[PDB]
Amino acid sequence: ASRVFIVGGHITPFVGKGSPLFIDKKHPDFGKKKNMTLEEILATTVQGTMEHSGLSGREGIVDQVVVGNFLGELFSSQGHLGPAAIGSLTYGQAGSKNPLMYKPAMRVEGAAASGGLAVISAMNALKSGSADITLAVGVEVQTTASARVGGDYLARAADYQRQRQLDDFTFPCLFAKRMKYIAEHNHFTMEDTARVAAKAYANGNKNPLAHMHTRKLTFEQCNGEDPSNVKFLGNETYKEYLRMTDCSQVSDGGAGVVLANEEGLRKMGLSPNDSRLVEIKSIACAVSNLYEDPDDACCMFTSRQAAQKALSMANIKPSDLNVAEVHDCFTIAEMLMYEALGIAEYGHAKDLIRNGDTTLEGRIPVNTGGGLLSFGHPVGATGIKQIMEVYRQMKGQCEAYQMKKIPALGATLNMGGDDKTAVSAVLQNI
């Protein structure tokens, strides 16, 4: 009966407009250097993952690689990222020896759950006899298209035929539509969602990897007291329910993790009690119907299903959790995710955000490094960044945002589209 261990991994800085690392007209190197391409990010990410996992010089003992990516075929005109991953170890050195040659690889995809799906696929290979050491890397580049062209691409997450007509920013508009229903049922408020953003940015300010690291926002600004915090939607039914600060960033970046089973650890010279490890006690995936939406906007049924499956499988309750990473593609989502995960009861995420319970000094800190709101959302990377952020907290590696009490139990909740795909894992510190 075969356990799965996080051995190590790597998260790149997440970059886009508003980051000093993002090269644009404004930037000292505009004209001299360029932002990384997807290929370069995938290269930096696979290499970093191998390095931080003790695999440098022995990359050949990895059995297989899975890539999570949503829109590479659109933003970067590039699909078929498996062989891209296979050429990533020695990218840009012609004819170099390549220990990864001929190993199995593929790209998996389920909108913003694509990294989460890459981890589950790697885990099935670990439990199946196919692999003892797997690499799961997630990468995304989205800064190559205008905001509106980008919006149309991200609508690939939605039921395009049915929902694209709502707004050029289809996917935001779907969360603004939830917020309307949520406000109508007094489930929570736009002040509450502002408090989520306040928290995300304050955390991001302590994370040099975060897209919005350098951006400071007060609750007041996040609540709409700032002329630049615009209600940008075109759809007049939903316009008033979503501010710029309520939305995740359009970022580029990657995250990688090495996952091993007990034979994998043996091959690396490691024991299962090794203090650099974290055990994935469980992982579960739930998918609903792309074509049909539940009436109750105040419940993410699919994400609730995934979390309840993961916790049950690991035999714990949400109150046992010491830390969580959840899918705050909007502030609206973070609130819904506290309830989906079960750290708050239905209609009570608001108590949590009012009382500070999910802040860095709260009793259940969530998205300690900034979340998708401030850390950023390079779509395919996000599912794997969530795992590595729990890992990093457990190993005491988060520096200015390190939790004071090293967490014993953590949970991840990764969602694709409008709660249509959900992946949730339970992690146990070793």
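Sequential numbering from 1, following the sequence displayed.
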Comparing mean C-alpha B factor in the record for 261-269 and 332-340, the higher one is 261-269
Avg C-alpha B-factor, entry values, 299-307 vs 180-188, higher side is 180-188
Scanning 227, 253, 116, 151 for peak Cα temperature factor in the entry gives 227
Per the deposited B-factor column, the C-alpha that peaks among 371, 54, 48, 380 belongs to 54
By the entry's values, the third containing the CA B factor of residue 395 is the highest
Chain-relative C-alpha B factor for residue 276 (record values, thirds): the highest
Assert third(CA B-factor, residue 346) within chain per record equals middle
Among the modelled residues of its chain, the C-alpha B-factor of residue 15 falls in the third labelled middle
The third of the chain into which the C-alpha temperature factor of residue 409 falls is the middle
